[PDB]
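Engineer: Chains as they are written, first to last, in PDB author numbering: chain M, 1 to 125; chain N, 1 to 60; chain C, 1 to 206; chain S, 1 to 80; chain J, 1 to 98; chain I, 1 to 127; chain V, 2 to 25; chain G, 1 to 155. Ideal Cβ positions, reconstructed from N, Cα and C, are used throughout, including at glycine.
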Amino acid sequence: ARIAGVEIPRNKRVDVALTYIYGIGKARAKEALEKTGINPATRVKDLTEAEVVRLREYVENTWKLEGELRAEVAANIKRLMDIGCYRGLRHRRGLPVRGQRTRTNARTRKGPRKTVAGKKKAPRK
Amino acid sequence: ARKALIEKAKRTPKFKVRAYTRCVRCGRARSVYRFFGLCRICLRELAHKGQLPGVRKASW
Amino acid sequence: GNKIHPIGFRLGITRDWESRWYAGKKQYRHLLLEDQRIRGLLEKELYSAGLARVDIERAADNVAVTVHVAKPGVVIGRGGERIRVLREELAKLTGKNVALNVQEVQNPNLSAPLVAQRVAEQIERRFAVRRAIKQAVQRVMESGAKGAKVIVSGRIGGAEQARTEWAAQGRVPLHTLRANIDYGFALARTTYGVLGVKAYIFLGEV
Amino acid sequence: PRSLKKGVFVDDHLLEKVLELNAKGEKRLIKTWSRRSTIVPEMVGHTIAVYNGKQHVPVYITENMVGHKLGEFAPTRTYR
Amino acid sequence: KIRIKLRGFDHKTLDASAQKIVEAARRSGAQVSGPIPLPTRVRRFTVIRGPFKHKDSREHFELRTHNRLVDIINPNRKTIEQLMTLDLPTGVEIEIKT
Amino acid sequence: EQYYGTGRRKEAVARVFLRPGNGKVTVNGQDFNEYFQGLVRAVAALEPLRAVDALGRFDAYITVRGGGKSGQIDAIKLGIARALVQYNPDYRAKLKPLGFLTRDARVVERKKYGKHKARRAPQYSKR
Amino acid sequence: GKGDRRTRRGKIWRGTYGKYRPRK
Amino acid sequence: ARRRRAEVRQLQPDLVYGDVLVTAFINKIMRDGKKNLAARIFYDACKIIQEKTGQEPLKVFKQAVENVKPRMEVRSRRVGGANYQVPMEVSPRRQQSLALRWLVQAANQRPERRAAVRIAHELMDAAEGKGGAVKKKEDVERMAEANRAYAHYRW
RNA sequence: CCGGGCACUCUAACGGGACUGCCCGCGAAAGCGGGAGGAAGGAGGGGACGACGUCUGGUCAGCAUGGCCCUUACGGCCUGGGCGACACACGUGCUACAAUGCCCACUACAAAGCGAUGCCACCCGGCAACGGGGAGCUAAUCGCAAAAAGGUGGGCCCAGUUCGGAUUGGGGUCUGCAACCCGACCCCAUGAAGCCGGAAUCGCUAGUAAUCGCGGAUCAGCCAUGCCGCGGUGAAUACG
Ligand SMILES: [K+]
Ligand SMILES: [K+]
Ligand SMILES: [K+]
Ligand SMILES: [Mg+2]
Ligand SMILES: [Mg+2]
Ligand SMILES: [Mg+2]
Ligand SMILES: [Mg+2]
Ligand SMILES: [Mg+2]
Ligand SMILES: [Mg+2]
Ligand SMILES: [Mg+2]
Ligand SMILES: [Mg+2]
Ligand SMILES: [Mg+2]
Ligand SMILES: [Mg+2]
Ligand SMILES: [Mg+2]
Ligand SMILES: [Mg+2]
Ligand SMILES: [Mg+2]
Ligand SMILES: [Mg+2]
Ligand SMILES: [Mg+2]
Ligand SMILES: [Mg+2]
Ligand SMILES: [Mg+2]
Ligand SMILES: [Mg+2]
Ligand SMILES: [Mg+2]
Ligand SMILES: [Mg+2]
Ligand SMILES: [Mg+2]
Ligand SMILES: [Mg+2]
Ligand SMILES: [Mg+2]
Ligand SMILES: [Mg+2]
Ligand SMILES: [Mg+2]
Ligand SMILES: [Mg+2]
Ligand SMILES: [Mg+2]
Ligand SMILES: [Zn+2]
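#1: For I62(I), report the span of its beta strand (DSSP E) as first-last.
#2: Is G19(V) near ligand 12, with its Cβ less than 7 Å from a heavy atom?
#3: Less than 7 Å separating the Cβ of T108(M) from some heavy atom of ligand 3?
#4: Using DSSP bridges, identify the partner residues of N83(G).
#5: Heavy atom of ligand 12 less than 7 Å from the Cβ of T8(V), yes or no?
#6: Is the shortest distance between the beta-carbon of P41(S) and the beta-carbons of chain M less than 8 Å?
#7: Check distances from the C-beta atoms of the segment 7-37 of chain N to those of chain J and list, in chain order, the residues that come in under 9 Å.
#8: In the DSSP assignment, what residue or residues form a beta bridge with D31(I)?
#9: Can you tell me whether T79(J) is buried or exposed? The criterion is at least 16 other CB atoms within 10 Å of its CB, across all chains shown.
#10: Is the number of C-beta pairs between the segment 126-141 of chain C and the segment 149-159 of chain C that are closer than 8 Å three or more?
#11: Within 8 Å (strictly less), CB to CB, does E63(S) reach chain M?
#12: Note down the Cα distance separating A23(C) from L31(C), rounded to an integer number of angstroms.
#13: Keeping to the same chain, check which residues put their C-beta closer than 6 Å to that of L84(I); ignore five residues upstream and five downstream.
#14: Whose Cβ in chain S lies nearer than 9 Å to the Cβ of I83(M)?
#15: With respect to the beta strand (DSSP E) encompassing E7(N), which residues constitute its N-terminal and C-terminal limits?
#16: Measuring CA to CA, which of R10(C), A120(C), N109(C) is closest to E142(C)?
#17: Classify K31(S) as helix, strand or coil using the three-state DSSP reduction.
#18: Check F73(S) in the structure and name its three-state DSSP category.
#19: Given the structure, does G7(S) come close to ligand 10, in the sense that its CB is under 7 Å from one of the ligand's heavy atoms?
#20: Per DSSP, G19(V) forms a beta bridge with which residues?
#21: Going by beta-carbon coordinates alone, are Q85(G) and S91(G) separated by less than 8 Å?
#22: Does the Cβ of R37(C) lie closer than 7 Å to at least one heavy atom of ligand 31?
#23: Once you ignore the five residues that flank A120(G) on each side, which residues in its own chain have a CB closer than 7 Å to its CB?
#24: Using a cut-off of 9 Å between C-beta atoms, extract the partners of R2(N) located in chain C.
#25: Roughly how far, in whole angstroms, is the beta-carbon of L83(J) from the beta-carbon of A30(J), given that I think they are within contact range, below 8 Å?
#26: Do the segment 44-62 of chain S and the segment 23-35 of chain S meet, that is, are 3 or more Cβ pairs less than 8 Å apart?
#27: Just tell me which of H116(I), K111(I), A81(I), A42(I) has its CA closest to the CA of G7(I).
#28: Tell me, which residues are paired with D182(C) by DSSP?
#29: Return the CA-CA distance between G73(C) and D87(J), expressed in angstroms with no decimal places.
#30: Taking 8 Å as the CB-CB limit, is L69(M) close to chain S?
#31: Please report the straight-line C-alpha distance between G25(M) and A51(I), rounded to a whole angstrom.
#32: Would you mind giving the Cβ-Cβ distance between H60(J) and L14(J), rounded to the nearest angstrom? I have them listed as a contact below 8 Å.
#33: Any idea what DSSP makes of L19(S), helix, strand or coil?
#34: Suppose contacts are defined by Cβ-Cβ distances below 8 Å. Is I21(J) in contact with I96(J) by that definition?
#35: In chain S, which residues lie with their C-beta within 7 Å of the C-beta of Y20(M)?
#36: How about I76(I) and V13(I): do their beta carbons lie closer than 8 Å?
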């Protein structure tokens, strides 16, 4: 079925399949199904035009998802970046924003290593 | 452990989150136990002397 | 840099504590800072008396403070003129109605701390180190004893390069618990720095 | 995922010094060391010189930068 | 119903001293609830042996607080004579609860 | 009437009482197979009986505390054989050859300082 | 894993309680 | 073992076959100390060698093993600077050790998702003469002897 | 839980026990190799103990100390910042890459410790962190406290996945005078690398390794995945 913004989950339990929607996680998946009474264990292929529709409704109206979120999140980052805000600077400089060390591993935020030259003696160990 | 810093005793911190044990015997401020008011070093010394009642060399 | 303290190593055995008394996690530290301050004044004062040990017992605000000395004379004083001053000077520091005995050391030449102080003094007196050591061991080794040993630190005779002189007699089986070796350390201030004298006296056995 | 609770902290050093400038129209600049203080509305349209630990940095406070704290606008360290 | 706990650091004194209270009643009181052991509360202290660095040495110290019960059922009025001021220990503490 | 034996292992004690009967065993209440649910081990604890071809002649009331279910299984193994001996001392002669009469002294070795856990030592780099 | 804040083990390992690991 | 000659520890007989060779294999199947988990895998696999075969597992086991025991292997040595693979026999104790290990290793290399299946399926292919456990074995032997030119270095 | 019993378990004081003592074989002895009896057999396990000395090893920043040196300051107070920086490189670790595994239910078995202005049962509000109210402890008597791995049942079906939880938006709770720099902890959303690691290299010989969880010191809180202990489950191999 196609729930939120052109989302096509399938052949998998609705609860988990629902996860493939942007703003939808293990938590909200559990919710929507219950507050709509739909056995989570049903494969999406085995849903019902009725069930499906009820689901599509709740989800797309009870929350801000997919592309709308993205734009929103990017909006906030953009937002606190337009201020002389420190966090914003980190985003700009591309470094962690939640007070973590950068002397060593801060890769996931920095990306691949851009190695360079240096000294030999004085065991850099 | 400059005398000027062994003023810790103040108890007039202005904000109690500034208080800080600090060994009574060597002024030590980095490894001071509570139950003794002594730092890890001072504790080892007097303990050996036997000037800490009960405190014996633990083994097992 | 090895070897444990002979006393600390033998507390539960041949050697008892210099402070006997129970306390709770709320007073133990206090009954220590004080209990320690007691040794602070007594040491600076009863120096000449030559105080070997300074036991201290406690109870409900009670205090023993048995002071062991070679020459109890200087302690007590004229008839009793001093053992009174230093008891009122004592109880002044700690309002605990504190007793204050004055035991006498039978043969101070079996009192490691004394023997140490002795050697220490002689050193500040520009004496010859090796001699004092050899003498000390003798004096102690002569006053009975089944063994003895003395170790003066370094910077001997103000010699640029620090050394370590010692010499000893009889036995001093530091590894055997069932021994009883009075140990005594004495510092030795000088014009060219400190020196450290150490003394061991193997007295009994089982 | 920031927080604090119920009581939004602000140092009255400049508070009863920022509003005091309002009961007279406005002013120009305010030398402060308290970057611990939370920026609140009665500051909008002002200029607070916060301290790095070396100098005082002018900080024209604006509408959006409210919930934030003075320090967030006074970069401490200096890099390449 | 005389409950008297005995806590100390020395298991010999707090033990002999404890068997002092036991007889000072076996001559004027119930057979008493005998001297009860009660688990010991050990306190450990672990410190780097020397000053500065060498974090792999360390020496272990413990403070063993031994305990006892005694407990004299039958609030014998003639026992408090032998158990009034006839003590001797020096590092022992005593709690009395009826 | 009934016969007793104790039994301890890897720091865990077992109270054992043997009374003539079918072959039922009450371990801490619950039936044996109830307490030792799906632990391929358990079965061993009653070995002292199979030994002297008993089992079908005794009932057993067992108590147990301290340690873990596998430690207990061995503790039970002791009591059973210790009580089974008090009952008939002529039984020792058949139990010894399989040593059920022995107490397993293997116990968690203390952790030393400097070491990550007794023997396991820290890892040193390019020495 | 012992590092997923939202799992039973996550809580245990991190020695905390919450939705994913209630206090009995 | 610089001093004495190390005594091969004796294992506890099987609780379902009173076999030591089983407990041995069970230990090799064992991971992080969890033996219960291990044991199951084995028996559960024995039950699978039960369905798919009229023969009893214990027998399939033995044979599976027996086929994977290498009787020759090549150990190294230094001579003149170059290194030679000296072919030498294989003691009983070691034969067994290499067998059980190899089985489990070959087993867990299999494609079937369920453990007890792989152990069962490897065990079967073993007694049959096929299976990677046996391949590893025949290979060790091909390696050995296939250097008979260096056999004159009796270990 | 009652009665009341100490026998058990245990608690903790004190003793018993192992000595190559007994048996056979070897030897000249010492002492080997075997057997019996025993809980335990030949230092039964594990600790504390580390000789004369060697690195002109380490520490003047624990303390002590000789000698130089500063004294409106190299002494002292404070607010703020920095010890937390980040193109890079290394050590020690943590969590993983999954099915012998991961979830959710429900259930069982430990030891050590810690607990006044502190452990906090129980009840109520909240998804929760946490907040209210509130019994008991002065602690073998109350509390921390669920042990976890395990077991029983169910889900997932080999996918970067119900693996992994980095990073990043949100909204909150706490401690604290105050969490921007620079605190943990909840909850929603994000859901990164990672399919087991080149050359090299580390540990460990038995209740050891491996694995699972529990406590404590320091401490308002905490950046502890550190350290020092604790007990579950429990291997492989050693020709030489
Ligand atoms: K794991
Ligand atoms: K030197
Ligand atoms: K990444
Ligand atoms: Mg999603
Ligand atoms: Mg940083
Ligand atoms: Mg100083
Ligand atoms: Mg503090
Ligand atoms: Mg401190
Ligand atoms: Mg010694
Ligand atoms: Mg506030
Ligand atoms: Mg362990
Ligand atoms: Mg996960
Ligand atoms: Mg298992
Ligand atoms: Mg002989
Ligand atoms: Mg020795
Ligand atoms: Mg040097
Ligand atoms: Mg060096
Ligand atoms: Mg040096
Ligand atoms: Mg640092
Ligand atoms: Mg690991
Ligand atoms: Mg796996
Ligand atoms: Mg609640
Ligand atoms: Mg609620
Ligand atoms: Mg902060
Ligand atoms: Mg995969
Ligand atoms: Mg070894
Ligand atoms: Mg922990
Ligand atoms: Mg803490
Ligand atoms: Mg951190
Ligand atoms: Mg921790
Ligand atoms: Zn100190």
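Structural biologist: This is what the structure gives:
#1: For the purposes of this step, residue 62(I) is taken as the residue at position 62 of the sixth sequence. Note, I62(I): beta strand (DSSP E), 58-65.
#2: Within the seventh sequence, numbered from 1, the residue matching residue 19(V) stands at position 18. Answer for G19(V): no, Cβ out of range of ligand 12.
#3: On the first sequence, residue 108(M) is found 108 positions in, with the first residue counted as 1. True, at least one ligand heavy atom lies under 7 Å from that Cβ.
#4: Your numbering for residue 83(G) matches position 83 in the eighth sequence. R78(G).
#5: Indexing the seventh sequence from 1 puts residue 8(V) at position 7. Within 7 Å of the C-beta of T8(V) there is at least one heavy atom belonging to ligand 12.
#6: If you number the fourth sequence from 1, residue 41(S) lands on position 41. The beta carbon of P41(S) does not come within 8 Å of any beta carbon belonging to chain M, so the residue lies off that interface.
#7: Closer than 9 Å at the C-beta level to chain J, one finds these residues of the segment 7-37 of chain N: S31, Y33, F35, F36.
#8: Position 31 of the sixth sequence, counting from 1, holds the residue named residue 31(I). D31(I) pairs with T26(I).
#9: If you number the fifth sequence from 1, residue 79(J) lands on position 79. Per the 10 Å Cβ criterion, buried.
#10: Contact annotation: the segment 126-141 of chain C touches the segment 149-159 of chain C, with at least three C-beta pairs closer than 8 Å.
#11: The sequence position of residue 63(S) within the fourth sequence is 63, counting from 1. No, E63(S) lies away from the interface with chain M (no Cβ there is under 8 Å from its Cβ).
#12: Residue mapping note: residue 23(C) aligns to position 23 of the third sequence, counting from 1. Residue mapping note: residue 31(C) aligns to position 31 of the third sequence, counting from 1. Their Cα atoms are separated by approximately 8 Å.
#13: Numbered from 1 along the sixth sequence, position 84 holds the residue referred to as residue 84(I). Cβ within range, chain order: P48, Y91.
#14: By one-based count along the first sequence, residue 83(M) stands at place 83. Per Cβ cutoff of 9 Å: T62, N64, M65, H68, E72, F73.
#15: Here residue 7(N) refers to the residue found at position 7 when the second sequence is read from its first residue. In the DSSP assignment, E7(N) falls outside any beta strand (DSSP E) and carries neither an H nor an E.
#16: One-based indexing of the third sequence puts residue 142(C) at position 142. Ranking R10(C), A120(C), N109(C) by Cα distance to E142(C) puts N109(C) first.
#17: For the purposes of this step, residue 31(S) is taken as the residue at position 31 of the fourth sequence. Note: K31(S) maps to strand in three-state DSSP.
#18: Taking the fourth sequence and counting its residues from 1, the one referred to as residue 73(S) is at position 73. Correct three-state label for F73(S): helix.
#19: The sequence position of residue 7(S) within the fourth sequence is 7, counting from 1. True, at least one ligand heavy atom lies under 7 Å from that Cβ.
#20: Here residue 19(V) refers to the residue found at position 18 of the seventh sequence. Per DSSP, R22(V).
#21: Translated into positions along the eighth sequence, residue 85(G) becomes position 85. Translated into positions along the eighth sequence, residue 91(G) becomes position 91. Taking 8 Å as the cut-off, the beta carbon of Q85(G) is found no closer than this to the beta carbon of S91(G).
#22: Along the third sequence, one-based indexing puts residue 37(C) at 37. No, since every heavy atom of ligand 31 falls outside the 7 Å radius drawn around the Cβ of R37(C).
#23: The sequence position of residue 120(G) within the eighth sequence is 120, counting from 1. Close CB contacts of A120(G) within its chain, under the 7 Å cut and outside five residues either way in sequence, are with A45, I48, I49 (chain order).
#24: Along the second sequence, read from residue 1 onward, the residue named residue 2(N) stands at position 2. The premise fails here: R2(N) is roughly 21 Å from chain C at the closest Cβ pair, so nothing lies under 9 Å.
#25: The sequence position of residue 83(J) within the fifth sequence is 83, counting from 1. The sequence position of residue 30(J) within the fifth sequence is 30, counting from 1. Cβ atoms of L83(J) and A30(J) stay farther apart than 8 Å, at about 13 Å.
#26: The answer is yes - the segment 23-35 of chain S touches the segment 44-62 of chain S, with three or more Cβ pairs under 8 Å.
#27: Residue numbering aside, residue 7(I) sits at position 7 when the sixth sequence is read from its first letter. Comparing C-alpha distances from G7(I) to each of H116(I), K111(I), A81(I), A42(I) shows the shortest one belongs to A81(I).
#28: In the third sequence, residue 182(C) corresponds to position 182, counting from 1. In the DSSP assignment, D182(C) is bridged to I201(C).
#29: Your numbering for residue 73(C) matches position 73 in the third sequence. Your numbering for residue 87(J) matches position 87 in the fifth sequence. Rounded to the nearest angstrom, the two C-alpha atoms are 33 Å apart.
#30: Taking the first residue of the first sequence as 1, we reach residue 69(M) at position 69. Not an interface residue.
#31: As a position in the first sequence, residue 25(M) is number 25, starting the count at 1. As a position in the sixth sequence, residue 51(I) is number 51, starting the count at 1. The alpha-carbon of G25(M) is positioned some 60 Å away from that of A51(I).
#32: Mapped onto the fifth sequence, residue 60(J) falls at position 60. Mapped onto the fifth sequence, residue 14(J) falls at position 14. The Cβ separation is near 23 Å, so there is no contact.
#33: Numbered from its first residue, the fourth sequence carries residue 19(S) at position 19. In the three-state scheme derived from DSSP, where H, G and I count as helix and E and B as strand, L19(S) is classed as coil.
#34: Position 21 of the fifth sequence holds residue 21(J). Position 96 of the fifth sequence holds residue 96(J). Cβ distance not < 8 Å, so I21(J) and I96(J) don't count as in contact.
#35: As a first step, residue 20(M) must be located in the first sequence, where it is residue number 20. The premise fails here: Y20(M) is roughly 25 Å from chain S at the closest Cβ pair, so nothing lies under 7 Å.
#36: Sequence index remark: in the sixth sequence, residue 76(I) carries index 76 (1-based). Sequence index remark: in the sixth sequence, residue 13(I) carries index 13 (1-based). Contact: no.
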